[PDB]
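2 protein chains.
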Amino acid sequence: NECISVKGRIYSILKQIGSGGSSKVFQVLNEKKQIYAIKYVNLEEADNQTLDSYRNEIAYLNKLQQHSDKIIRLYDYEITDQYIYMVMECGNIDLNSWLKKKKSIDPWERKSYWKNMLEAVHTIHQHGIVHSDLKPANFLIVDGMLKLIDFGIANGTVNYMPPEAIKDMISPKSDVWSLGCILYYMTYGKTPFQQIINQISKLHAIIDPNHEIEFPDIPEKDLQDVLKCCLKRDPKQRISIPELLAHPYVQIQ
Amino acid sequence: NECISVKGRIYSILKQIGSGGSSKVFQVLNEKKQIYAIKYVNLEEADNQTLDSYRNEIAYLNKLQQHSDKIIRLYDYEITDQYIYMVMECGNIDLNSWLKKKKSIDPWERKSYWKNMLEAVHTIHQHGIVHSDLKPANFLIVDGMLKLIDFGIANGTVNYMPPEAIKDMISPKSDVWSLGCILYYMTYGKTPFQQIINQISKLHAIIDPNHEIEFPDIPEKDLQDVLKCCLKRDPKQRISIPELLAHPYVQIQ
Ligand SMILES: CCc1cccc(CC)c1NC(=O)c1nn(C)c2c1CCc1cnc(Nc3ccc(C(=O)NC4CCN(C)CC4)cc3OC(F)(F)F)nc1-2
Ligand SMILES: CCc1cccc(CC)c1NC(=O)c1nn(C)c2c1CCc1cnc(Nc3ccc(C(=O)NC4CCN(C)CC4)cc3OC(F)(F)F)nc1-2
């Protein structure tokens, strides 16, 4: 049974949750026996470039705290030349797991989730920030409310990748794609391109105009519409977040 | 226990070997109780486009028979609107398996293999044909001699993929890359980019000039050279097959 000093105050590890290479996340117990999460990041091989990226991300998250409830809380942090410790709220589970483990989505519970994600992405969008790497993992479930976990600034599938990031061999429109895949999965039970096995076959698909993303008729046609509008390959055509906030799917019934 | 009619002559399945979706390969027993392989291809969903590709490939293989011993033998074929049956030699195993199962390569057994592959690729190269999708699978081991299995004309990793096929969002030089990865694996025990986990991280690597493919010093410096020359990102720089046939690694000691 071991501990961590963050800004001179102490927490006892209870168990490790996340691993991400040069980083670990622990559920911990603070002084007043309350429970928290600590993200830990090793800066041994950190080169100034890599380094500032982290500095930037901290600054922003820390800053964007009092802008949206749908971003994870950051309670305190320590930062030195070798490491960062961040003290964030501890949640129940992340969206991706809940997905893996879950095999039924109350159509109503799906809607709220989407609602949360949009608020979040919007916020970071209203600040020059574009995440560009969104996957169910980047969200956290905390009493049926989702939070965004990171801003995609610092530092394994191609699935949620948009056509345009591929034609790249940067737009807010790129986050809509992803966002919609995450909806798509939630809806047709899986991502739009899981079918395709061959990892290069999937790259071509993601970019070829003549491939039809399949859109199975379903009760909710709002929802059907949305996904159709989020997955429009041309970005200039793709719906925008301000539009998506004002679509029926979120607005009416 | 079941059979197959190919050009009116009959073979009894003994066991299924390959599966490839709309295709199966069987080890079979002919009349005179000799053993063969039959590739079977279903043409139900075949569209004229897809269709001719198959027609083309058959024609070529069939044709390129009496040009090189290092291409699989094709004994006879039947072709109709619904299917193809091809009767080819049956081998002992394919290179990829022998690789998976094998964990030691007589440096000498490696050399012969390379030698075989080159002869083969060269042949198909001397006919406008560029395979463009080479992986240990496309070869077959038949009494320690390798054969090429198909020509990459008809019809799941990114590993053996060359920079240039990626910047594509067609040159003989593209087959050298692949060919060299297959050598690389054989040599440093794995492909040049397996390290990289993230499937998009690997795409960037495969194309970024500043990433060093790592080249561990070893006894054979010929071999070391070769791989260094095969994996040159700029195609115009990359060595050519006629050069590779005339390199020490194949020529001297
Ligand atoms: C190095 C980490 C990292 C790097 C880059 C980017 C990101 C996120 C975008 C992150 N990743 C992170 O920064 C990160 N990863 N996790 C998991 C958390 C964070 C931040 C805060 C945070 C707050 N609360 C939690 N709660 C929990 C989330 C998931 C589980 C869990 O059950 N995991 C299981 C793992 C095995 N599978 C099969 C089933 C689920 C348990 C949890 O704590 C609880 F115990 F209290 F519930 N997690 C986190
Ligand atoms: C649909 C097929 C297809 C489509 C596109 C492209 C291509 C090749 C480029 C092909 N694929 C093919 O066209 C194709 N695939 N195989 C396997 C053969 C061919 C063509 C002729 C051919 C002739 N002889 C063999 N021999 C054998 C090759 C491998 C095994 C074997 O042991 N497989 C195991 C599978 C499980 N793993 C774990 C261990 C190895 C057994 C074999 O026959 C023997 F029994 F007599 F030894 N194979 C083939």
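Chains as they are written, first to last, in PDB author numbering: chain A, 515 to 669, 685 to 698, 711 to 794; chain A', 515 to 669, 685 to 698, 711 to 794. A prime marks a further copy of an entry chain.
Every residue gets a Cβ at the ideal spot worked out from N, C-alpha and C, and that includes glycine.
Quick check: does the Cβ of residue i come within less than 7 Å of any heavy atom belonging to ligand 2?
i               : result
residue 663(A') : yes
residue 608(A') : yes
residue 611(A') : yes
residue 586(A') : yes
residue 702(A)  : For residue 702(A), nothing is modelled; it lies in the interval where chain A passes from 698 to 711 with no residues in between.
residue 544(A') : no
residue 579(A') : no
residue 658(A') : no
residue 652(A') : yes
residue 526(A)  : no
residue 605(A') : yes
residue 555(A)  : no
residue 551(A') : yes
residue 548(A') : no
What does residue i reach in chain A' if we use C-beta pairs closer than 7 Å?
i              : result
residue 740(A) : 685, 686, 687, 740
From residue i to residue j, what distance separates their C-alpha atoms?
i               : j               : result
residue 764(A)  : residue 790(A)  : 6 Å
residue 721(A') : residue 627(A') : 12 Å
residue 770(A)  : residue 622(A') : 59 Å
residue 669(A') : residue 647(A)  : 32 Å
residue 568(A)  : residue 611(A') : 43 Å
residue 822(A') : residue 625(A') : Residue 822(A') is absent from the model: chain A' starts at 515 and stops at 794.
residue 618(A') : residue 584(A)  : 54 Å
residue 527(A)  : residue 595(A)  : 23 Å
residue 714(A') : residue 522(A') : 43 Å
residue 766(A)  : residue 772(A)  : 10 Å
residue 656(A') : residue 620(A') : 17 Å
residue 538(A') : residue 549(A') : 17 Å
residue 731(A') : residue 693(A') : 22 Å
residue 735(A)  : residue 688(A)  : 7 Å
residue 593(A)  : residue 515(A)  : 24 Å
residue 632(A)  : residue 711(A)  : 19 Å
residue 577(A)  : residue 760(A') : 56 Å
residue 780(A)  : residue 787(A)  : 11 Å
residue 551(A') : residue 654(A') : 12 Å
residue 751(A)  : residue 591(A)  : 49 Å
residue 777(A)  : residue 756(A)  : 21 Å
residue 695(A') : residue 698(A)  : 7 Å
Using a Cβ cut-off of 7 Å, pull out every chain A residue sitting near residue i, in sequence order please.
i               : result
residue 695(A') : 698
residue 690(A') : 741
Let me know the secondary structure DSSP gives residue i once reduced to three states.
i               : result
residue 604(A)  : coil
residue 535(A') : coil
residue 590(A') : strand
residue 574(A') : helix
residue 695(A') : helix
residue 651(A') : helix
residue 551(A)  : strand
residue 764(A)  : helix
residue 687(A)  : coil
residue 711(A') : coil
residue 644(A)  : coil
residue 611(A)  : helix
residue 596(A)  : coil
residue 719(A') : helix
residue 541(A)  : strand
residue 518(A)  : strand
residue 782(A)  : helix
residue 556(A)  : strand
residue 526(A') : strand
residue 759(A') : coil
residue 661(A') : strand
Chain A' partners of residue i, CB-CB under 9 Å?
i              : result
residue 711(A) : Neighbours of residue 711(A) on chain A': none; closest Cβ ~15 Å, over 9 Å.
residue 748(A) : 698
Does ligand 1 have even one heavy atom less than 7 Å from the beta-carbon of residue i?
i               : result
residue 666(A') : no
residue 522(A') : no
residue 719(A)  : no
residue 602(A)  : yes
residue 617(A)  : no
residue 635(A)  : no
residue 741(A') : no
residue 567(A)  : no
residue 535(A') : no
residue 530(A)  : no
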